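Reading through the structure tokens given below for one structure.
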Amino acid sequence: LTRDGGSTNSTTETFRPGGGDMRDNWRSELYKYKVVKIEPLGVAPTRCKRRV
Amino acid sequence: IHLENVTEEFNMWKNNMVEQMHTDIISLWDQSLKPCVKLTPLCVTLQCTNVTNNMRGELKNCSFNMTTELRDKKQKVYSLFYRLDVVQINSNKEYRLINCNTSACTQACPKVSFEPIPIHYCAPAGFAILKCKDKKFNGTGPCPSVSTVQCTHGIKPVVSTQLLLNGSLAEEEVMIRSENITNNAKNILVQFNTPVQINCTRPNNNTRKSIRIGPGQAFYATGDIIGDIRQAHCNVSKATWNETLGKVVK
Amino acid sequence: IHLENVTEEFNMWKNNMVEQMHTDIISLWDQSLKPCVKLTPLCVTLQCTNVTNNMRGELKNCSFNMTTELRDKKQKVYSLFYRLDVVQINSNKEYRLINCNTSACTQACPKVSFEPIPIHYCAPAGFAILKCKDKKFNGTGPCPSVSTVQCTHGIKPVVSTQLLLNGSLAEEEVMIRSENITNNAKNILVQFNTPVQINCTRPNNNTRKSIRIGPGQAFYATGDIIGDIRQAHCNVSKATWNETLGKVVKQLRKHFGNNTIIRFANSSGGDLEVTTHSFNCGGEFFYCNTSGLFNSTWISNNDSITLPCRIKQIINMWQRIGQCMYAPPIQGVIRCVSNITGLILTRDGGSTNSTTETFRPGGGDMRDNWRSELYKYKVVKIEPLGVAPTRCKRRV
Amino acid sequence: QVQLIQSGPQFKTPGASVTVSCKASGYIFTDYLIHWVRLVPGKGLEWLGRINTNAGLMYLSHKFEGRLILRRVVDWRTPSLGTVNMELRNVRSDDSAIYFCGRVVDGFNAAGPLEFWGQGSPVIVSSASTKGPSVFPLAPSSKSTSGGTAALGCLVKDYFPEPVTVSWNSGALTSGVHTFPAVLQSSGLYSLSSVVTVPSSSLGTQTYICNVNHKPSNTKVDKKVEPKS
Amino acid sequence: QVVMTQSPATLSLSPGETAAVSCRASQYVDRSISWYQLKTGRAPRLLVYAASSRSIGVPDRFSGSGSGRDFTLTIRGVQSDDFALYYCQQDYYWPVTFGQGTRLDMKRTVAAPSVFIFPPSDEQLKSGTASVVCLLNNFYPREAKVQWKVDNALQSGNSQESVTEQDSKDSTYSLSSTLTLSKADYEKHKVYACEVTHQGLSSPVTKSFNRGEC
Amino acid sequence: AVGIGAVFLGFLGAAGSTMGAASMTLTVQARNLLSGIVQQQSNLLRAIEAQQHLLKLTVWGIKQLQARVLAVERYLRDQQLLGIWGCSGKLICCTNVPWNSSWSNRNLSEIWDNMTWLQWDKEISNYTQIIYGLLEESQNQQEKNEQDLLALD
Amino acid sequence: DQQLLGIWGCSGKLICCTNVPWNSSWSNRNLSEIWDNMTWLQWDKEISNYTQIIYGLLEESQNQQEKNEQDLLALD
Ligand SMILES: *[C@@H]1O[C@H](CO)[C@@H](O[C@@H]2O[C@H](CO)[C@@H](O[C@@H]3O[C@H](CO[C@H]4O[C@H](CO)[C@@H](O)[C@H](O)[C@@H]4O)[C@@H](O)[C@H](O[C@H]4O[C@H](CO)[C@@H](O)[C@H](O)[C@@H]4O[C@H]4O[C@H](CO)[C@@H](O)[C@H](O)[C@@H]4O)[C@@H]3O)[C@H](O)[C@H]2NC(C)=O)[C@H](O)[C@H]1NC(C)=O
Ligand SMILES: *[C@@H]1O[C@H](CO)[C@@H](O[C@@H]2O[C@H](CO)[C@@H](O[C@@H]3O[C@H](CO)[C@@H](O)[C@H](O)[C@@H]3O)[C@H](O)[C@H]2NC(C)=O)[C@H](O)[C@H]1NC(C)=O
Ligand SMILES: *[C@@H]1O[C@H](CO)[C@@H](O[C@@H]2O[C@H](CO)[C@@H](O[C@@H]3O[C@H](CO)[C@@H](O)[C@H](O)[C@@H]3O)[C@H](O)[C@H]2NC(C)=O)[C@H](O)[C@H]1NC(C)=O
Ligand SMILES: *[C@@H]1O[C@H](CO)[C@@H](O[C@@H]2O[C@H](CO)[C@@H](O[C@@H]3O[C@H](CO)[C@@H](O)[C@H](O)[C@@H]3O)[C@H](O)[C@H]2NC(C)=O)[C@H](O)[C@H]1NC(C)=O
Ligand SMILES: *[C@@H]1O[C@H](CO)[C@@H](O[C@@H]2O[C@H](CO)[C@@H](O[C@@H]3O[C@H](CO)[C@@H](O)[C@H](O)[C@@H]3O)[C@H](O)[C@H]2NC(C)=O)[C@H](O)[C@H]1NC(C)=O
Ligand SMILES: *[C@@H]1O[C@H](CO)[C@@H](O[C@@H]2O[C@H](CO)[C@@H](O[C@@H]3O[C@H](CO)[C@@H](O)[C@H](O)[C@@H]3O)[C@H](O)[C@H]2NC(C)=O)[C@H](O)[C@H]1NC(C)=O
Ligand SMILES: *[C@@H]1O[C@H](CO)[C@@H](O[C@@H]2O[C@H](CO)[C@@H](O[C@@H]3O[C@H](CO)[C@@H](O)[C@H](O)[C@@H]3O)[C@H](O)[C@H]2NC(C)=O)[C@H](O)[C@H]1NC(C)=O
Ligand SMILES: *[C@@H]1O[C@H](CO)[C@@H](O[C@@H]2O[C@H](CO)[C@@H](O[C@@H]3O[C@H](CO)[C@@H](O)[C@H](O)[C@@H]3O)[C@H](O)[C@H]2NC(C)=O)[C@H](O)[C@H]1NC(C)=O
Ligand SMILES: *[C@@H]1O[C@H](CO)[C@@H](O[C@@H]2O[C@H](CO)[C@@H](O[C@@H]3O[C@H](CO)[C@@H](O)[C@H](O)[C@@H]3O)[C@H](O)[C@H]2NC(C)=O)[C@H](O)[C@H]1NC(C)=O
Ligand SMILES: *[C@@H]1O[C@H](CO)[C@@H](O[C@@H]2O[C@H](CO)[C@@H](O[C@@H]3O[C@H](CO)[C@@H](O)[C@H](O)[C@@H]3O)[C@H](O)[C@H]2NC(C)=O)[C@H](O)[C@H]1NC(C)=O
Ligand SMILES: *[C@@H]1O[C@H](CO)[C@@H](O[C@@H]2O[C@H](CO)[C@@H](O[C@@H]3O[C@H](CO)[C@@H](O)[C@H](O)[C@@H]3O)[C@H](O)[C@H]2NC(C)=O)[C@H](O)[C@H]1NC(C)=O
Ligand SMILES: *[C@@H]1O[C@H](CO)[C@@H](O[C@@H]2O[C@H](CO)[C@@H](O[C@@H]3O[C@H](CO)[C@@H](O)[C@H](O)[C@@H]3O)[C@H](O)[C@H]2NC(C)=O)[C@H](O)[C@H]1NC(C)=O
Ligand SMILES: *[C@@H]1O[C@H](CO)[C@@H](O[C@@H]2O[C@H](CO)[C@@H](O[C@@H]3O[C@H](CO)[C@@H](O)[C@H](O)[C@@H]3O)[C@H](O)[C@H]2NC(C)=O)[C@H](O)[C@H]1NC(C)=O
Ligand SMILES: *[C@@H]1O[C@H](CO)[C@@H](O[C@@H]2O[C@H](CO)[C@@H](O[C@@H]3O[C@H](CO)[C@@H](O)[C@H](O)[C@@H]3O)[C@H](O)[C@H]2NC(C)=O)[C@H](O)[C@H]1NC(C)=O
Ligand SMILES: *[C@@H]1O[C@H](CO)[C@@H](O)[C@H](O)[C@H]1NC(C)=O
Ligand SMILES: *[C@@H]1O[C@H](CO)[C@@H](O)[C@H](O)[C@H]1NC(C)=O
Ligand SMILES: *[C@@H]1O[C@H](CO)[C@@H](O)[C@H](O)[C@H]1NC(C)=O
Ligand SMILES: *[C@@H]1O[C@H](CO)[C@@H](O)[C@H](O)[C@H]1NC(C)=O
């Protein structure tokens, strides 16, 4: 759907069948996925020491 | 695997993988056409008249000259075209194809089907896909329950304009979502709680004919329509459609 | 490196690398044609008549209209073709090229030689090739002596139908191999103890002529023949052929029950490329009818055979329907002097109560030419990790 | 699954060359000998030859040598698929038969037990051309010949090719009807001595119309009958 | 070439009886006989592919057997679709050869033919040709013949004969016979007859006319 | 599904558990960080197989091959960076850099017993480029001190 | 391989002794005949039943050993 401004008065909601680039057909199916890069290294403090 | 106690921000508008899908589909489309015959010799002057055996004025019947396989020999030949495929270049009226001033065209190979198979998108090593599991998610915010997965749903690459079909549908309620709603230049995507089922038909008993353009190259002409010529059209139930709008309005 | 003390099971029929070799040769062949001129303007109506100055009805003399470099100008011109290159499209008779209803053709570039160089196939890192060393190994089973090698022998990619030539020879005795022998749909491959040597020739003194099709594109017409015209043919020493078949028969008797009447016959029926021995010599493609060689019978007890040939300018390799190519006529007179290494046989069912041993020169896909040379190789993956018990422990 | 598909039926003129194709599917097509077997109608089967679908060689019954050629089409890709073509050259009218494509039993590539068969292609050979039947009444055989059964018919005669279609009273009469199977006569045309038998109470008073049609010409005819002298 | 003999020419059996069809070769062939069932309008079907080796997918009522020169297809409990043609086939020597085949016929009691004749149609005579037609109707067993007579002297080679499929209702058959002449040859004679021969008849039933009457 | 200790037998399943309990599962991310390439090398395939001509769709496989070289190389860089701190053999190291509690004031209990690793990341990501500098230098001198000891003996 | 050989606590070495006891159900064969009679190609064909058990035991044996060492350094 695509919307329009206040059509005369009271309604702000004349809706019309929209469109655009086909790209948002993919955004319909990919609506819930995300991608992330793992960062496996960590550094954190505790009470242990190495010896030489 | 459910990532226990996890909660993080999804945003489907700024999402990268939609743009990879768009770019992949365009590239896969082009290479499905690249091995097929370039139809250039069809960009030639046509003599035409309206079709006979019918309301419609949409079909024109057109005759033209075309090369045989032998370079020095050419034939009179004829085919049916839609009023949208042809332009009056002009006694009888005289035409060309619509594209013929701006580009050549490729004929799509008959052995290759346009039907959309399921496709899965998979993460390369040292990356993970996350999936927001929450059935009330609107496409922008902190999702309070998530899974990782190695690879997506079987997404199917349909293409359509005003409404979208054979795709997946949410279980909780009709979902409506937008990058802002209040700004008119943004779309609203609506996803239904249940399908509504469309039947579509092309009632002409259509006949293909083959023309050799050259040595091993052939063009598939519209040859003839047997029986009555009748309009292509689609049906949907007035009752369940009216009910479905009754839900999106709420 | 000879692997001390080893013994493991080889199988040449289920061997993957013959399929890689087959698939690679096709790809290398295509790229060797890829830049060369597409001959589409030659698919045009030809006036023709027979050649004059000569038995041979095989040469057609043909005239047609061809483009120049200038789009608005075209020229009447003429060339010779073999009767196998043309179809009567139709007063004098009138013709087209054979391909001209099914594909364009690429003319093979004159600068590229067809001649088969030695090729070595090499193991990628973390894999090893094995080679079976046992000189009495047939195509399957536990080879009792093996070496690793990083890369193969210099295998040369010859292409031939009914018999195979310039290939490798078994040292011990005539060898025969099959995926089962008894099941007639399988080939019997035969490999010789010693080669037998063939001379081939095309005695017509060819003059090539250049036609310019277009702005920078040239087509190499058969221009003229100088002197008399005479048949292309091949020769082999009858005594050494008769000796060689005497040795192959003495092997086949071991499988086929001693006192059975083994006999040879020609490649019965179908088209030219199943019925003939076909090979390239220096840029001409020969097709020769081997019935002079395969016509004999064998009870359990100084001169040349000649066999004639026919020639084509267009060829269509590996039965790839869309892929015509046109070979330009090579200048002067040619001959080849080559070692027949071995031959491909096909069996027939029990002809009578007495015999099950009519044999005919076989064929199929070119792929078992590679299976002749790759018969002793195998490829394996190193698994370098191992775990085993002993009596040592780590401490903390 | 194993499946052989042949070409549809054909009509050919004497001295022509006839081609029957056979598509082969569902098994490694190179690994079984295909055979050709001919069913001449009323007579026993006859064997033409066999083809080694790998090597492409053919072997023929001696009687058919020179006059017959078998060919094989295949690709090294898609080995589960292939084709065989039979060309019988220089046909006679007595080559009129069904030609069957067939395949041997598994592991039995040295003999003739055929497990899988194509649907059989009829090849009928005549100089004739498309012609509807003449309809002649076999007007009911009289009480001075037939006794208590009124035998009647229609000699639907001299047509080509098959089929005719025949009924009595446009199919309202079926009791005692016999559309005798057609003979392809010495003329090169079919004939069909059709009959119906009914009680001699009703020699011509009850209705008897033979209803006749011939789909190759699309010719259609009908004829009423009553008793002879 | 190897000659195959079958016997009988036809075997007549009731549903649930047992069948034995013989085949024999002109010289030794080593167990290498196939048997085919042929049902009309369909490809032959392989029952047995060497002596006693039943085909896969064939019901066990069929069993082959044989020596090196003679062979026997056997069926236990003959069923409603077992009524068909059966051929033995030999392939020990090329070319492959087949017997004349044996018909399997549904046994039923003896029934004599009813018999009729027709002169040529008046329109047929006017068209310049003359077919004289004879009908033999619903007899059993199948064995029937017409003898055609002109001036009621017996004649040959001037006729064709057609026979029905086996009647599924009652096992009977019918035969339609047709003598044919040019109208001149028809009118050069004055008497016509069809004489009927059948397995059960008292004497050959003969139906007759003088030319122009039935 | 949801809770501490339960999903640790799957990749990342620990991510909402607290840092102490998550410290048992470290081998699972470490293995799946590289060997997930099984889902590439099992199924990457070229001409003749599935495809014939359309040749840019064989050369499309550069996307999949480029992902593989990034994966092995980004992994290999961790083994370098963990190596120069004098620590390559191990999933855990004690080291002789003292914790400057300016980097976080939070006590030893609450970091191990309350926070998740995704929460701790957002503190120390301010200071980590200090801490990596200190770790490198602490090892660089230790290598020399050991060489002098093995010499002066 | 270098990853898998690493997580057993064995990364620097061609040979390791390790704290997993050999369950002779994996092979009943005595210490002489395994080292003195068999080739490595013969041994593979036995232990290829149990290898995925032995790798699991090696992993867990190391994974707790790292923690026991961290405590032995923490009790300073
Ligand atoms: C290498 O290549 C060979 C040749 O192709 C191949 O050998 C062939 O093996 C098949 C296996 O099926 C043999 O086929 C027949 O098998 C049946 C078994 O029948 C029972 O089981 C089947 C299961 O499907 C059921 O259908 C059936 O109802 C039964 O329950 C046998 O009955 C056949 O008997 C014939 O062969 C016997 C010898 O094995 C003979 O004693 C007998 O007479 C039969 O006829 C043969 O002898 C005739 C007279 O000499 C001769 O003229 C005939 O042509 C025929 O040879 C039969 O065994 C098949 O026989 C084998 N082929 C040949 C030519 O013998 C190997 O399997 C293959 N090996 C590998 C590893 O690939
Ligand atoms: C589209 O235009 C084409 C070309 O003008 C039309 O095709 C031609 O149609 C005529 C009849 O209007 C055909 O002639 C008839 O052919 C039959 C052949 O058996 C003959 O019996 C008739 O006496 C008559 O000659 C003609 O064959 C046909 N083709 C050509 C090349 O002229 C066509 O009718 C138009 N409409 C459609 C739906 O195609
Ligand atoms: C197919 O090709 C043919 C042959 O090129 C075309 O037919 C020809 O078309 C031209 C142009 O319309 C005709 O020219 C006219 O001729 C008359 C009489 O000479 C003259 O008065 C006009 O001024 C004009 O010059 C020509 O007659 C016609 N026929 C021939 C035999 O040349 C045809 O147009 C092409 N297209 C189709 C759909 O057939
Ligand atoms: C999709 O759903 C999420 C919740 O799951 C919606 O989040 C809401 O986003 C708006 C801004 O888009 C937030 O409004 C802001 O709130 C602060 C309150 O301190 C105020 O100062 C700002 O002026 C502004 O109003 C809102 O707090 C946030 N949460 C909720 C519960 O509404 C999101 O808007 C939804 N998107 C669509 C397009 O429906
Ligand atoms: C889409 O909806 C339309 C309207 O409901 C459907 O059209 C109707 O289809 C039936 C079956 O084809 C037509 O009945 C037939 O009509 C002809 C002409 O009167 C008659 O000869 C037949 O015996 C039969 O009664 C019906 O007339 C037609 N109704 C209208 C108003 O056009 C259509 O079938 C639906 N489905 C699809 C897939 O489009
Ligand atoms: C193949 O066909 C071509 C074309 O018909 C033949 O070529 C032409 O042959 C004639 C003689 O048969 C040539 O004419 C003579 O040329 C000489 C040149 O010195 C001249 O002295 C004579 O007075 C006479 O003009 C003609 O030039 C030649 N070329 C063409 C384009 O016509 C050819 O002979 C046939 N046979 C072969 C083997 O090529
Ligand atoms: C090479 O190109 C030339 C020119 O296009 C071709 O020559 C021409 O061929 C045609 C067709 O055979 C000749 O037409 C005939 O003309 C006579 C007299 O007018 C007429 O009675 C016939 O019905 C027919 O139309 C034409 O005369 C001839 N020459 C010219 C100048 O047009 C030639 O066929 C092409 N091929 C070769 C191998 O030369
Ligand atoms: C190449 O040489 C090897 C020997 O080096 C041949 O191996 C033979 O393979 C056949 C099966 O193809 C074996 O027959 C089977 O033997 C077992 C014995 O337990 C028996 O139970 C089976 O019924 C069957 O007879 C055979 O024993 C074996 N050895 C020999 C010496 O033949 C291999 O077949 C040769 N390749 C070719 C194409 O002949
Ligand atoms: C292949 O084998 C044939 C037969 O052994 C060889 O044919 C022989 O070739 C020579 C040289 O061309 C011929 O000599 C010449 O014969 C002609 C006609 O008699 C004469 O005018 C010459 O003065 C000269 O003597 C020889 O007659 C011929 N032999 C026979 C019996 O035909 C051929 O050379 C072999 N070579 C190749 C490359 O295949
Ligand atoms: C395989 O070998 C056989 C026997 O050597 C070849 O059979 C022969 O084929 C030729 C074809 O040229 C037949 O020649 C002709 O004879 C008849 C008259 O009988 C004539 O009408 C034809 O015009 C032609 O000149 C020949 O009869 C036949 N048999 C013999 C004894 O030669 C067969 O062609 C060979 N196949 C191949 C591909 O090598
Ligand atoms: C099988 O092997 C033979 C023997 O090598 C191949 O025949 C020919 O071998 C000779 C010597 O290697 C080639 O000679 C060279 O020719 C070039 C070009 O003329 C020249 O520059 C060199 O000085 C040398 O004389 C000869 O070209 C070649 N013959 C041909 C026509 O190819 C044979 O090609 C091999 N393959 C087959 C299928 O027989
Ligand atoms: C290569 O193939 C040909 C067939 O294409 C083989 O058969 C030979 O074909 C020729 C021509 O048809 C036969 O010619 C004979 O001519 C005399 C003339 O008097 C005639 O009486 C004979 O009946 C026959 O037609 C020739 O006899 C025939 N060959 C044999 C062995 O009989 C040819 O044999 C093949 N080439 C070689 C070297 O074998
Ligand atoms: C293929 O094998 C057959 C036998 O299976 C060969 O049979 C006969 O062999 C002779 C000598 O090669 C042929 O030549 C003629 O022999 C007569 C003998 O009286 C002689 O008078 C003639 O002057 C001539 O030398 C004979 O035609 C041939 N007969 C038959 C029926 O084939 C045959 O020659 C072999 N063919 C080849 C090309 O190997
Ligand atoms: C979701 O994550 C939270 C932490 O972010 C988990 O909450 C609770 O975490 C504490 C440690 O911070 C756990 O306390 C310990 O529990 C054991 C067994 O009860 C006890 O022996 C120790 O002395 C200490 O109290 C606590 O178990 C844990 N759960 C609860 C219910 O408090 C939470 O476990 C995660 N969600 C789920 C459903 O597991
Ligand atoms: C139908 O045919 C007439 C006469 O040829 C033409 O004027 C009219 O424009 C045609 N209709 C359409 C919609 O093309
Ligand atoms: C169906 O349409 C009518 C008119 O638009 C409307 O009154 C009715 O409420 C709709 N049905 C539902 C269930 O809303
Ligand atoms: C040779 O030329 C003549 C006359 O042009 C022709 O009749 C004959 O058919 C030609 N030869 C062949 C083999 O066609
Ligand atoms: C040469 O051929 C003849 C006839 O086939 C045969 O008698 C002779 O034994 C052959 N030579 C040898 C060495 O076998």
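In table form, for the structure just shown:
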| item | result |
| --- | --- |
| Percent of beta bridges antiparallel (DSSP, chain B, rounded to nearest 5) | 100 |
| Dimensions in Å of the range B:45-199 - Rg and Dmax from alpha carbons | 25.5, 74 |
| Residue-wise HN-Hα coupling along the range D:102-117, computed from phi with Karplus coefficients 6.51, -1.76, 1.60 (Hz; x: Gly, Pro) | x, 10, 5, 3, 4, x, 10, 4, 10, 8, x, x, 9, 8, 10, 9 |
| Rg to Rh, two decimals, where the protein assembly as shown supplies the alpha carbon set and Rh follows Kirkwood | 1.05 |
| Other protein chain Cβ atoms within 10 Å, averaged over every residue that makes up D:41-52 | 5 |
| Amide H within-cut-off set for E:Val48, under 5 Å, with H built and near neighbours excluded | E:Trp35, E:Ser55 |
| Solution diffusion estimate, µm²/s, Stokes-Einstein, chain A, Kirkwood Rh from C-alpha pairs, 20 °C, viscosity 1.002 mPa s | 123 |
| Cβ-defined net charge surrounding C:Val274, 10 Å radius [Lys, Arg +1; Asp, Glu -1] | 0 |
| Part-to-part distance (alpha-carbon centres) for the range E:155-176 and the range C:328-396, which is given in Å | 64 |
| Projected area, mean over directions - chain F, Cα convex hull, nm² | 14.8 |
| Spatial separation of Cα centroids for the range F:116-153 and chain A, in angstrom | 39 |
| Amide H partners (placed H, <5 Å) of B:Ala218, local residues excluded | B:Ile213 |
| Fewest-first sequence of B:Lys111, E:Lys126 by Cβ atoms within 10 Å of each Cβ | B:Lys111, E:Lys126 |
| Alpha carbon Rg of the range E:114-210, scaled by the compact-globule rule 2.2 N^0.38 Å | 1.12 |
| Point-charge dipole on Cβ atoms (K/R +1, D/E -1) for the protein assembly as shown, about Cα centre, debye to 20 | 3940 |
| Free-standing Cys residues across chain E, given no other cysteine C-beta under 4.7 angstrom | E:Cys214 |
| Sorted by Cβ density within 10 Å, fewest first, the residues G:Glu66, C:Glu243 | C:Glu243, G:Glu66 |
| Kirkwood-Stokes translational diffusion coefficient of the range D:3-125, alpha-carbon pairs, 20 °C, 1.002 mPa s, µm²/s | 147 |
| Neighbour net charge for C:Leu130 - beta-carbon separation under 13 angstrom, K R +1, D E -1 | +2 |
| Dipole of chain F [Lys/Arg +1, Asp/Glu -1 at C-beta], most positive-end residue of F:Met24, F:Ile84, F:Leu149 | F:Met24 |
| Helix-derived mean residue ellipticity, 222 nm - over the protein assembly as shown, DSSP H n ≥ 4, -39500 (n - 2.57), to 500 | -4500 deg cm²/dmol |
| Euclidean distance between Cα centres, the range E:38-97 to the range C:165-195, Å | 40 |
| Table column - 3J(HN,Hα) (Hz), the range B:231-245, Karplus curve with 6.51, -1.76, 1.60, x for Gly and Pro | 5, 6, 7, 10, 10, 8, 5, 5, 5, 6, 5, 4, 4, 5, 4 |
| Vicinal HN-Hα couplings computed from phi for the range E:103-112 (Karplus, 6.51 cos²θ - 1.76 cosθ + 1.60; Hz; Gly/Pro x) | 7, 9, 10, 6, 3, 7, 5, 4, 9, 5 |
| Estimated translational D of chain E in µm²/s (Stokes, Kirkwood radius over Cα pairs; 25 °C; 0.890 mPa s) | 124 |
| Along each principal axis, Cα extent of the range B:114-206, largest first, Å | 54, 38, 26 |
| Equivalent ellipsoid semi-axes, the range E:4-106, via Cα gyration tensor eigenvalues times 5, rooted, Å | 21, 14, 13 |
| In nm, spacing of pseudo-spin labels at G:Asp1 and C:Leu84 (7 Å Cα→C-beta vector) | 5.4 |
| Extended-chain gain in nm, criterion 0.36 nm per residue less alpha-carbon gap, F:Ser88 and F:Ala21 | 21.8 nm |
| Restricting the range D:143-222 to trypsin sites (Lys or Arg not before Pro) in coil, as DSSP defines it, with at most 16 other Cβ within 10 Å | D:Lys143 |
| Amide hydrogen neighbours beyond the local backbone of C:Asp134, cut-off 5 Å, H modeled | C:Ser145 |
| Sorted by Cβ neighbour density within 10 Å, fewest at the top, the residues C:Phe279, F:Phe8, E:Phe118 | F:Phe8, C:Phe279, E:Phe118 |
| Residue-averaged beta-carbon neighbours from other chains (10 angstrom radius) around E:111-119 | 6 |
| 23 Å Cα-Cα threshold exceeded, pairs from C:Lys60/C:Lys209; B:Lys14/B:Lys136; C:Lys14/C:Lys135; C:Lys76/C:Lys209; D:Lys23/D:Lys131 | D:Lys23/D:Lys131 |
| Average other protein chain Cβ within 10 Å of Cβ, residues D:177-186 | 4 |
| Dipole moment magnitude, nearest 20 debye, the range C:216-362 about Cα centre, only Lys, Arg, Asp, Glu C-beta charged | 480 |
| When the range B:81-126 is reduced to its Cα atoms, the Kirkwood hydrodynamic radius in Å | 15.3 |
| All-pairs Cα distance distribution in the range B:155-250, expressed in whole percent, bin size 5 Å | 2, 9, 12, 16, 13, 11, 9, 8, 7, 7, 4, 1, 0 |
| Charge dipole (debye, nearest 20) of the range D:3-125; +1 at Cβ of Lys and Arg, -1 at Cβ of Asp and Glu | 260 |
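Every residue, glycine as well, gets a Cβ built from its backbone with ideal geometry; the counts of neighbours run over all protein chains shown. No lab work stands behind these numbers, since they all come straight from the coordinates.
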